[PDB]
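Here the structure comes first, spelled out in structure tokens, and everything after it is commentary.
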Amino acid sequence: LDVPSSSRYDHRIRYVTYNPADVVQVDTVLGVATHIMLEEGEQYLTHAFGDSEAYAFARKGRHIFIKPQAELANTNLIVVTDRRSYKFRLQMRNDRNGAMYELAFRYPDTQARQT
Amino acid sequence: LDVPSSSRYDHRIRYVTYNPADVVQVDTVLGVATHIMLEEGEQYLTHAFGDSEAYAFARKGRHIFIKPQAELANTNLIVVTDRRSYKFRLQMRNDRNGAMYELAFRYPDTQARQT
Amino acid sequence: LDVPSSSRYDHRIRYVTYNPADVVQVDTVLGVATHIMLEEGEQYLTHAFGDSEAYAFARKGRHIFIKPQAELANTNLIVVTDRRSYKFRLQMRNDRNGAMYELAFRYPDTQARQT
Amino acid sequence: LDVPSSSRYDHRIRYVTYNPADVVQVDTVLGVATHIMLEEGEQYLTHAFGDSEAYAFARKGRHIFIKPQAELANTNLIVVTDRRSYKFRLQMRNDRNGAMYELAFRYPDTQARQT
Amino acid sequence: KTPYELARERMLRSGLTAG
Amino acid sequence: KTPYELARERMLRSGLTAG
Amino acid sequence: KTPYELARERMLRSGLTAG
Amino acid sequence: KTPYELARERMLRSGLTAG
Amino acid sequence: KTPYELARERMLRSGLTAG
């Protein structure tokens, strides 16, 4: 369970290194949309929510926005692409604090391919 | 009855070695979708639930998502492909703990073919 | 009345040797689909249930799935193909134990033809 | 009135030698379909039940399935083909024991033609 | 009413072939 | 009423193939 | 009424494939 | 009635994808 | 009833884009 790291400017911009054998923790709050951006050239195939009515999903290209639609919206999200599948544990917060506006992935698998 | 093994990072990512003469134990929890991925180049033919209304089934290519739709969703799933048939014993949990996000298969039959 | 033999891994995978002059005993339980697979290259012609509403029948190619639809679903199934006809005595169990997930046939008639 | 003989494996598989001047006794039980198979190359022309609503009739090629549809289903069945006509005395049983799954005919008339 | 009577009515009612 | 009776009625009622 | 009974009714009711 | 129960019913009811 | 509650219901109800 990997917890994304914040930027030095604002805590709402968070970074995580991709790991195929781990799940990414996403804290969602009321009235906040989170922007998850895929890797360039990566093609969306399918996603699945553990609870579809808990969250809203919108995608255009490699840009994904999620947003809670219900109370106690605690579920998981799996997005499968041409190159990988992303595992997110979506956990709604109570105090509307510590929101996440974007999640950006650092891919060391492509770095190893380059190596 | 083979119990899949977890990864060293998160317990939600599990692995099992395929055996044509054994059944794979799948623990399903409330509000969690499980991603089962078939072998590359494997063609879906048919599946059968012992109880169709207990689980939701979605497939695109070699990616299968299952998700309980009902209380006490204890059944079995058989997926038949060109090369093999998979046997899953779907057992819903009570405490919403120890979820499985993906199940990945290691195929020693193809390894023996390579040998 | 031939009772199929289990595999050494799981009791849900069972094997029986085909005999044109015998009937195969199939134990069916609540909420479990049984996968009966015909011989390769064998063409389905017709089947008949002694009670059609007791069981659900689905076939695609040489793959047959059966599943009880009613209480006390005790009947028989006959599947006739190009090469043979299969006789099954379908007996529903009470305790939801000792289920059969697949039944596989070993054909000694083709072995004798090879001999 | 010829009573078919059982196989040495199961009593549900029965054999009778065809005789144009005799009637074949068929014991039918509740919830059991009986498979009567005609001679290879024999063409169905017509059948007649002494009581059509007592039994269900299905035929595809040379394969005939019969099954009681009513209480006290005691009647007769005559199937006429290109080469012969079959006479069956259908007698429903009470105790759901001693069922007949298939009836197979041994034809000595073709054997005499060969002789 | 008695099942013999219903059977006899069925035997009278039915045709030679179901259809 | 008893489930044996409902089963017996189902067995009488059903055809050889579902459809 | 008890959830075992509703589960058993669901298991009887459902087909082999959802559709 | 309690929001945990309504949430649990929602989780059972929903599909994998909204549509 | 209180405007915080109506706001919270609005936030749950709305989509990502108006349309």
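Protein chains in written order, with PDB author numbering: chain z, 21 to 135; chain o, 21 to 135; chain l, 21 to 135; chain i, 21 to 135; chain h, 135 to 153; chain k, 135 to 153; chain n, 135 to 153; chain y, 135 to 153; chain A, 135 to 153. No residue lacks a Cβ here, since even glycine has one placed at the ideal position from N, Cα and C.
Applying the criterion that 16 or more other CB atoms from any shown protein chain within 10 Å of the CB defines a buried residue, is residue i buried or exposed?
| i | result |
| --- | --- |
| residue 136(y) | exposed |
| residue 83(z) | exposed |
| residue 111(z) | exposed |
| residue 106(i) | buried |
| residue 123(z) | buried |
| residue 70(o) | buried |
| residue 150(n) | buried |
| residue 100(i) | exposed |
| residue 148(n) | buried |
| residue 132(i) | exposed |
| residue 144(h) | buried |
In angstroms, rounded to a whole number, what distance separates the CA positions of residue i and residue j?
| i | j | result |
| --- | --- | --- |
| residue 92(i) | residue 146(k) | 11 Å |
| residue 152(A) | residue 29(z) | 30 Å |
| residue 60(z) | residue 94(z) | 29 Å |
| residue 113(o) | residue 117(l) | 19 Å |
| residue 31(l) | residue 40(o) | 13 Å |
| residue 138(y) | residue 139(n) | 23 Å |
| residue 24(l) | residue 115(l) | 19 Å |
| residue 134(l) | residue 134(z) | 55 Å |
Near residue i, which residues of its chain fall below 6 Å by C-beta distance, leaving aside the five closest residues on each side in sequence?
| i | result |
| --- | --- |
| residue 22(o) | 36, 42 and 44 |
| residue 52(z) | 119 |
| residue 76(i) | 87 and 89 |
| residue 54(i) | 86 and 120 |
| residue 109(l) | 43, 45 and 96 |
| residue 48(l) | 88, 110 and 112 |
| residue 27(z) | 33 |
| residue 66(z) | 100 |
| residue 56(o) | 84 and 123 |
Would you please verify whether the beta carbon of residue i is less than 8 Å from any beta carbon of chain o?
| i | result |
| --- | --- |
| residue 22(l) | no |
| residue 48(z) | no |
| residue 122(l) | yes |
| residue 65(z) | yes |
| residue 101(z) | no |
| residue 95(z) | yes |
| residue 33(l) | yes |
List the whole-angstrom C-beta distance separating residue i from residue j, where the pair is believed to meet the contact cut-off of C-beta under 8 Å.
| i | j | result |
| --- | --- | --- |
| residue 50(z) | residue 142(A) | 6 Å |
| residue 68(l) | residue 33(l) | Going by Cβ atoms, the distance from residue 68(l) to residue 33(l) rounds to 26 Å, so no, they are not a contact pair. |
Does the beta carbon of residue i sit closer than 8 Å to a beta carbon anywhere in chain h?
| i | result |
| --- | --- |
| residue 69(i) | yes |
Can you list, in chain order, the residues of its chain whose CB lies under 8 Å from that of residue i, leaving out five sequence neighbours each side?
| i | result |
| --- | --- |
| residue 73(i) | 89 and 90 |
| residue 126(i) | 35, 36, 37 and 38 |
Can you check whether the C-beta of residue i is within less than 8 Å of a C-beta belonging to chain i?
| i | result |
| --- | --- |
| residue 136(h) | no |
| residue 42(l) | yes |
Ordered along the chain, which non-local residues of its own chain (more than five positions away) have a Cβ less than 7 Å from that of residue i?
| i | result |
| --- | --- |
| residue 62(l) | 82, 101, 102 and 103 |
| residue 129(z) | 38 |
| residue 79(o) | 64 |
Any C-beta of chain n sitting closer than 8 Å to the C-beta of residue i?
| i | result |
| --- | --- |
| residue 85(l) | yes |
| residue 90(l) | yes |
| residue 51(l) | yes |
Within 8 Å of any Cβ in chain l, is that where the Cβ of residue i sits?
| i | result |
| --- | --- |
| residue 140(n) | no |
| residue 113(i) | no |
| residue 126(i) | no |
| residue 29(i) | yes |
Verify the CB distance criterion: does residue i have a CB-CB separation below 8 Å to chain z?
| i | result |
| --- | --- |
| residue 149(A) | yes |
Within the 8 Å Cβ cut-off, does residue i reach chain A?
| i | result |
| --- | --- |
| residue 78(z) | yes |
Step through the CB atoms of chain y and report whether any lies within less than 8 Å of the CB of residue i.
| i | result |
| --- | --- |
| residue 105(z) | no |
Looking at the C-beta of residue i, does it have a partner C-beta in chain k at a distance below 8 Å?
| i | result |
| --- | --- |
| residue 72(l) | yes |
| residue 37(l) | no |
| residue 54(l) | no |
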